[PDB]
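Peer 1: Chains as they are written, first to last, in PDB author numbering: chain V, 447 to 545; chain P, 19 to 614; chain Z, 348 to 397.
Heads up, the beta-carbon is just placed ideally off N, CA and C, and yes, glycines get one too.
Pasting a structure below so you can have a look.
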Amino acid sequence: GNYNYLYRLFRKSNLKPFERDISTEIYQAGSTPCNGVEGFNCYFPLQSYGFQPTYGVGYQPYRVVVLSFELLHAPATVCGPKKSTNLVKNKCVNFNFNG
Amino acid sequence: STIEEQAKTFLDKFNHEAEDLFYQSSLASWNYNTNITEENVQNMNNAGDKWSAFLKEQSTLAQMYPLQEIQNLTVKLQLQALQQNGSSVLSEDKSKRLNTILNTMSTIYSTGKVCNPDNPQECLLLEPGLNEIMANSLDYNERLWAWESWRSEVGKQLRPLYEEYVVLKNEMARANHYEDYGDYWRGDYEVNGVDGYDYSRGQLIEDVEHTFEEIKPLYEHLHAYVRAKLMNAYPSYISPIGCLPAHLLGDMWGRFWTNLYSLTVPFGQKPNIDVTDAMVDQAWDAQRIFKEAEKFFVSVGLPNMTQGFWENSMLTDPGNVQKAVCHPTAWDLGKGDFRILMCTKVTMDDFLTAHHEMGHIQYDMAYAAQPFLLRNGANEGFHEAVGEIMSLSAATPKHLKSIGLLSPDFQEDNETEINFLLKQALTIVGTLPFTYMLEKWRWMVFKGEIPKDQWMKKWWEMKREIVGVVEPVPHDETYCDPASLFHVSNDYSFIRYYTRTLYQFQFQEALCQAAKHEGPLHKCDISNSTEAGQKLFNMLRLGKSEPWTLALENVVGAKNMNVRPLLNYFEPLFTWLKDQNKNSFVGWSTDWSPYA
Amino acid sequence: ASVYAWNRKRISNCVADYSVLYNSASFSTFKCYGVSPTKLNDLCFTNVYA
Ligand SMILES: *[C@@H]1O[C@H](CO)[C@@H](O)[C@H](O)[C@H]1NC(C)=O
Ligand SMILES: *[C@@H]1O[C@H](CO)[C@@H](O)[C@H](O)[C@H]1NC(C)=O
Ligand SMILES: *[C@@H]1O[C@H](CO)[C@@H](O)[C@H](O)[C@H]1NC(C)=O
Ligand SMILES: *[C@@H]1O[C@H](CO)[C@@H](O)[C@H](O)[C@H]1NC(C)=O
Ligand SMILES: *[C@@H]1O[C@H](CO)[C@@H](O)[C@H](O)[C@H]1NC(C)=O
Ligand SMILES: *[C@@H]1O[C@H](CO)[C@@H](O)[C@H](O)[C@H]1NC(C)=O
């Protein structure tokens, strides 16, 4: 069982987009103060996953990489690899050299 | 903030941690079952103690949330399931005594070895030493010896233990605000809070009697026919007017009558529908058996088995070096892990058992979307009934012809249908009065209607009145004749088989009406019908989230368990038995006329 | 990383070949929102957050 992967189970409010919460403060579900101890109505918000190789496909671990592409008024520098047609000489051709 | 949101967060925490702990415990039980070794026993015991302590601590946390301030039905159902004390309400000394009594009954039943006096050098255990003798012998005094000696040893060991057991369980049940332990068992069918679909604990006994009153003519005719055939087999022991001798029913206790099919066959001259040789000739592996079962379940529209099922299940006996439990069991380990542990042979019985356990697996897969504490059947009857409907559908000659296991020029006349229906009645109909009599006797024992000095005088009186089975010799109160069976000695409910039997034919009529089958009910096959699978899966996906009455409305359109589908299933056989019982006398006498 | 502490890598000032990822058989989900995979290898962006 691989318990090195954690997920937040409780928070008071929903996250904003692209927000990271790494706080390890006890979630208060009740009126009583938690006082930093996990008792009644007070739970630790981070819970461990229990990945095993004999699990179902809906419970097996999936590595997710999300790529976010934004355009800002600064000059865009992460460009794709523009393909290059072999050079042909001595013929009337339409040339496109660096734009 | 509010109590309901607190309970919802607590239930989320419970579900999430309980699913992983239940996985660990179930995996330890699996590793014990596929590998019987002492360290696996120790790991199983450690995981079970951790699981039970976690359930105790979560029930202790759960009781602090009062029930009447929660309005959501599913949250209230999970909180009702969690807040049960169980044995925790009882004192620690009496709880330890009850646990010790249960464990020593388990050891007495499992390691009970009985053989003939004056020949003690080797002895035979119940499985398979005594089972084969009870199922295959034709000798009166040998079966009488085995039956009386095993009830002598087992009953004389278990009678004070059962006398302590009834008092401790009644004390725990009245400590849990129940009338008796029978009311605790009947509380599984209790539905509270749903408008119209409410079901009471006291309505269950009335419904069982009302259904059994319609069972009774068919069982009387079947008993008369079996009595006449056993009179032919044993000339002088059986009386025309009296009950059947107890040790002649083909099993150890009378649980099933399916081992009397050879003696009581109507048309022996006609052939059987045995497909064993056809699989042997085509070399059908157990993998092919499970793939054909999977083809059956995809034909009706249900989901196919996971990759982890095929990777992680043990569908063949491992060998001499590795020990495993031979009993077929479907395992819902949790977290989408579904396995079957079966020592599959090339027989019709193992093929039907494969369909039954894959039906169990389909039922377990269907409520995987539900929360953890709602991952069960709506009652105890549905879980077995959805496997028994697959056992019904797979056994049909149309299914065998469709998959190629039966010859396409096999003649399906009325005589083969009569003897097949008689075999299905000996398996299915014959267990119903025994089940009803056993549960009614246990309910009267827990309720205090029967005093401890009068348990057996009433019990045989019940067996003559209900089952139509007479004792060979009278038994005094030193015997404990009920507790020789596995379920009663190990604290298991027994009405699940009665409810399973009625729900089986109710589901069968509902799916055959969905599949637009136009013939007899026993000639019906639910393959190739997507709508029947959809109607099944609508109930299957609910799990324990909805009441069993509402689930039964979803399948059959009725709010209560019904007996008419069973009578419709066996109606050709019922008319044939009424024709065959013209000369003979239907019904029995409770007097000692055959033998006592 | 864990999902509560998800790793963010800022990708800048290089050439991003997206066809290597799209034509790989090792990925089960490649669901793109707001852009199509065919024009990713043509378009240009200021920064990439992984
Ligand atoms: C069963 O247990 C024995 C005893 O250690 C072990 O050698 C063997 O590998 C186990 N087999 C399986 C299938 O777990
Ligand atoms: C009850 O709670 C479940 C989740 O806990 C929710 O999905 C469902 O909608 C709730 N029912 C009602 C009637 O609010
Ligand atoms: C469980 O037992 C405790 C103490 O014995 C009691 O207060 C509580 O009401 C019980 N719960 C139920 C559901 O009977
Ligand atoms: C189940 O069915 C799907 C689609 O019919 C198929 O892709 C999958 O491979 C099947 N599962 C197995 C274990 O064969
Ligand atoms: C089967 O049908 C034939 C012809 O209708 C009839 O003579 C025979 O008695 C029937 N047998 C049974 C067992 O119904
Ligand atoms: C059910 O569907 C399968 C798949 O084509 C087919 O082989 C089988 O013959 C069908 N059943 C009947 C009774 O036609």
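Let me check understanding here. Comparing Cα to Cα, which of P:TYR215, P:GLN139, P:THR449 and P:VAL488 lies closest to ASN578 (chain P)?
Peer 2: Position 560 of the second sequence, counted from the start, is the residue given in the question as residue 578 (chain P). It is P:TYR215.
Peer 1: Note down, in chain order, every chain V residue with its Cβ under 8 Å from the Cβ of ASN330 (chain P).
Peer 2: Residue 330 (chain P) sits at position 312 when you count from the first residue of the second sequence. Ordered by position in chain V, the residues that pass the 8 Å Cβ test against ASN330 (chain P) are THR500.
Peer 1: Between the Cα of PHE40 (chain P) and those of P:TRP69, P:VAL463 and P:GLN98, spot the shortest distance and give me the residue it belongs to.
Peer 2: Locating residue 40 (chain P) in the second sequence gives position 22, counting from the first residue. Comparing Cα positions, the closest option is P:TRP69.
Peer 1: In this structure, what does DSSP give as the bridge partners for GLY352 (chain P)?
Peer 2: The residue labelled residue 352 (chain P) in the question sits at position 334 within the second sequence. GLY352 (chain P) is bridged to P:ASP355.
Peer 1: Less than 8 Å separating the beta-carbons of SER257 (chain P) and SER611 (chain P)?
Peer 2: Numbered from 1 along the second sequence, position 239 holds the residue referred to as residue 257 (chain P). Numbered from 1 along the second sequence, position 593 holds the residue referred to as residue 611 (chain P). Contact: yes.
Peer 1: Name the DSSP beta bridge partners of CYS488 (chain V), please?
Peer 2: The count along the first sequence starts at 1 and reaches residue 488 (chain V) at position 42. Beta-bridge pairing links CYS488 (chain V) to V:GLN474.
Peer 1: Could you check whether the Cβ of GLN305 (chain P) sits closer than 7 Å to any heavy atom belonging to ligand 4?
Peer 2: In the second sequence, the residue the question calls residue 305 (chain P) occupies position 287. Every heavy atom of ligand 4 is 7 Å or more from the Cβ of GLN305 (chain P), so no.
Peer 1: With DSSP collapsed to three states, give me the class of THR347 (chain P).
Peer 2: Locating residue 347 (chain P) in the second sequence gives position 329, counting from the first residue. In this structure, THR347 (chain P) counts as strand in the three-state DSSP scheme.
Peer 1: State the Cα-Cα distance for the pair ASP299 (chain P) and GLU310 (chain P), rounded to the nearest angstrom.
Peer 2: Against the second sequence, residue 299 (chain P) aligns to sequence position 281. Against the second sequence, residue 310 (chain P) aligns to sequence position 292. C-alpha separation (whole angstroms): 17 Å.
Peer 1: Tell me whether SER349 (chain Z), by its Cβ, gets closer than 7 Å to a heavy atom of ligand 6.
Peer 2: Locating residue 349 (chain Z) in the third sequence gives position 2, where the first residue counts as 1. No, Cβ of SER349 (chain Z) sits at least 7 Å from all heavy atoms of ligand 6.
Peer 1: Using 8 Å for Cβ pairs, my map puts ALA251 (chain P) next to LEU281 (chain P). What's the rounded Cβ distance?
Peer 2: In the second sequence, residue 251 (chain P) corresponds to position 233, counting from 1. In the second sequence, residue 281 (chain P) corresponds to position 263, counting from 1. Correct: roughly 5 Å between the Cβ atoms.
Peer 1: On a Cα-Cα basis, can you pick out the residue from P:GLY395, P:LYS541, P:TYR255 and P:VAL343 that is closest to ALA569 (chain P)?
Peer 2: Position 551 of the second sequence, counted from the first residue, corresponds to residue 569 (chain P). For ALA569 (chain P), the nearest C-alpha among the options comes from P:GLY395.
Peer 1: Closest to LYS74 (chain P) by C-alpha separation, out of P:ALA99, P:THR92 and P:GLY405, would be which residue?
Peer 2: Translated into positions along the second sequence, residue 74 (chain P) becomes position 56. Closest by alpha carbon: P:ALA99.
Peer 1: Which residues does DSSP list as the beta-bridge partners of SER514 (chain V)?
Peer 2: Working through the first sequence from its first residue, we reach residue 514 (chain V) at position 68. DSSP output for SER514 (chain V) lists Z:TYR396 as bridge partner(s).
Peer 1: Taking the C-alpha atoms as reference points, what is the distance between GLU589 (chain P) and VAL581 (chain P)?
Peer 2: Against the second sequence, residue 589 (chain P) aligns to sequence position 571. Against the second sequence, residue 581 (chain P) aligns to sequence position 563. Roughly 13 Å separates the two Cα atoms.
Peer 1: Between the Cα of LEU392 (chain P) and the Cα atoms of P:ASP597, P:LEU558 and P:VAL184, which residue gives the shortest distance?
Peer 2: The residue given as residue 392 (chain P) occupies position 374 in the second sequence. The candidate whose alpha carbon is nearest that of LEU392 (chain P) is P:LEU558.
Peer 1: Among P:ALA372, P:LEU439 and P:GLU433, which one has its Cα closest to the Cα of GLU406 (chain P)?
Peer 2: For this step, residue 406 (chain P) is matched to residue 388 along the second sequence. That would be P:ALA372, whose Cα lies nearest to the Cα of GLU406 (chain P).
Peer 1: Spatial neighbours of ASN448 (chain V) within its chain, please: C-beta separation below 6 Å, excluding the five flanking residues on both sides.
Peer 2: Numbered from 1 along the first sequence, position 2 holds the residue referred to as residue 448 (chain V). For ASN448 (chain V), where only same-chain residues beyond five positions count, the Cβ hits under 6 Å are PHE497.
Peer 1: List the endpoints of the continuous alpha helix (DSSP H) containing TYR454 (chain P).
Peer 2: Here residue 454 (chain P) refers to the residue found at position 436 of the second sequence. Unbroken alpha helix (DSSP H) run through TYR454 (chain P): 449-465.
Peer 1: So who's on the other strand from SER494 (chain V), going by DSSP bridges?
Peer 2: Residue 494 (chain V) sits at position 48 when you count from the first residue of the first sequence. In the DSSP output, where bridge partners are listed per residue, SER494 (chain V) has V:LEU452.
Peer 1: Going by DSSP, name the residue or residues bridged to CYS525 (chain V).
Peer 2: Taking the first sequence and counting its residues from 1, one reaches residue 525 (chain V) at position 79. In the DSSP output, where bridge partners are listed per residue, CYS525 (chain V) has Z:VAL362 and Z:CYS391.
Peer 1: Using a Cβ-based criterion (distance less than 7 Å to any ligand heavy atom), does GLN340 (chain P) qualify as near ligand 1?
Peer 2: Translated into positions along the second sequence, residue 340 (chain P) becomes position 322. Indeed, a heavy atom of ligand 1 lies less than 7 Å from the Cβ.
Peer 1: Using a Cβ cut-off of 7 Å, pull out every chain B residue sitting near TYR505 (chain V), in sequence order please.
Peer 2: In the structure shown, chain B cannot be found, because the protein chains are V, P and Z.
Peer 1: Going by Cα to Cα distance, which pick from P:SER43, P:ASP67, P:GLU110 and P:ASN33 is closest to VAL93 (chain P)?
Peer 2: Within the second sequence, numbered from 1, the residue matching residue 93 (chain P) stands at position 75. That would be P:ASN33, whose Cα lies nearest to the Cα of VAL93 (chain P).
Peer 1: Roughly how many whole angstroms lie between the Cα atoms of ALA304 (chain P) and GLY205 (chain P)?
Peer 2: Counting from 1 along the second sequence, the entry for residue 304 (chain P) is found at position 286. Counting from 1 along the second sequence, the entry for residue 205 (chain P) is found at position 187. Computed Cα separation, rounded: 40 Å.
Peer 1: Check this for me: beta carbons of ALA443 (chain P) and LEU240 (chain P), under 8 Å apart or not?
Peer 2: Start at 1 with the first residue of the second sequence, and residue 443 (chain P) comes out as number 425. Start at 1 with the first residue of the second sequence, and residue 240 (chain P) comes out as number 222. Yes, the pair counts as a contact, with Cβ atoms nearer than the cut-off.
Peer 1: When you compare only the Cα positions, how much space is there between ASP499 (chain P) and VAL485 (chain P)?
Peer 2: Within the second sequence, numbered from 1, the residue matching residue 499 (chain P) stands at position 481. Within the second sequence, numbered from 1, the residue matching residue 485 (chain P) stands at position 467. When rounded, the distance between both Cα atoms is 15 Å.
Peer 1: Would you call the CB atoms of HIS374 (chain P) and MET332 (chain P) closer than 8 Å?
Peer 2: As a working note, residue 374 (chain P) is residue 356 in the second sequence. As a working note, residue 332 (chain P) is residue 314 in the second sequence. No, the Cβ-Cβ distance between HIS374 (chain P) and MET332 (chain P) is not below 8 Å.
Peer 1: Quick check on DSSP: helix, strand or coil for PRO146 (chain P)?
Peer 2: Numbered from its first residue, the second sequence carries residue 146 (chain P) at position 128. Helix, per DSSP.
Peer 1: Contact criterion: CB-CB distance below 8 Å. Does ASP213 (chain P) meet it with respect to chain V?
Peer 2: Residue numbering aside, residue 213 (chain P) sits at position 195 when the second sequence is read from its first letter. No, its Cβ sits nowhere closer than 8 Å to a Cβ of chain V.
Peer 1: Around the C-beta of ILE544 (chain P), are 16 or more other C-beta atoms found within 10 angstroms, so that it is buried, or is it exposed?
Peer 2: Here residue 544 (chain P) corresponds to residue number 526 of the second sequence, with the count starting at 1. It is buried - the Cβ of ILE544 (chain P) has at least 16 other Cβ atoms within 10 Å.
Peer 1: Report yes if the C-beta distance between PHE400 (chain P) and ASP382 (chain P) is below 8 Å; otherwise report no.
Peer 2: Within the second sequence, numbered from 1, the residue matching residue 400 (chain P) stands at position 382. Within the second sequence, numbered from 1, the residue matching residue 382 (chain P) stands at position 364. Against a cut-off of 8 Å, the Cβ pair of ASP382 (chain P) and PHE400 (chain P) comes out as no contact.
Peer 1: Could you check whether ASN194 (chain P) and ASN103 (chain P) sit closer than 8 Å to each other, using their CB atoms as the reference points?
Peer 2: Taking the second sequence and counting its residues from 1, the one referred to as residue 103 (chain P) is at position 85. Taking the second sequence and counting its residues from 1, the one referred to as residue 194 (chain P) is at position 176. In contact: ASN103 (chain P) and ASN194 (chain P) (Cβ atoms closer than 8 Å).
Peer 1: Which whole-angstrom value is the C-beta distance of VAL524 (chain V) and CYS391 (chain Z), which I expect to be below 8 Å?
Peer 2: Position 78 of the first sequence, counting from 1, holds the residue named residue 524 (chain V). Position 44 of the third sequence, counting from 1, holds the residue named residue 391 (chain Z). Right, their Cβ atoms sit about 7 Å apart.
Peer 1: Is the separation between the beta-carbon of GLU489 (chain P) and that of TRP473 (chain P) shorter than 8 Å?
Peer 2: Position 471 of the second sequence, counted from the start, is the residue given in the question as residue 489 (chain P). Position 455 of the second sequence, counted from the start, is the residue given in the question as residue 473 (chain P). Against a cut-off of 8 Å, the Cβ pair of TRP473 (chain P) and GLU489 (chain P) comes out as no contact.
Peer 1: Check this for me: beta carbons of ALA403 (chain P) and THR52 (chain P), under 8 Å apart or not?
Peer 2: Here the question's residue 403 (chain P) lines up with position 385 in the second sequence. Here the question's residue 52 (chain P) lines up with position 34 in the second sequence. Going by C-beta atoms, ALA403 (chain P) is not nearer than 8 Å to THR52 (chain P).
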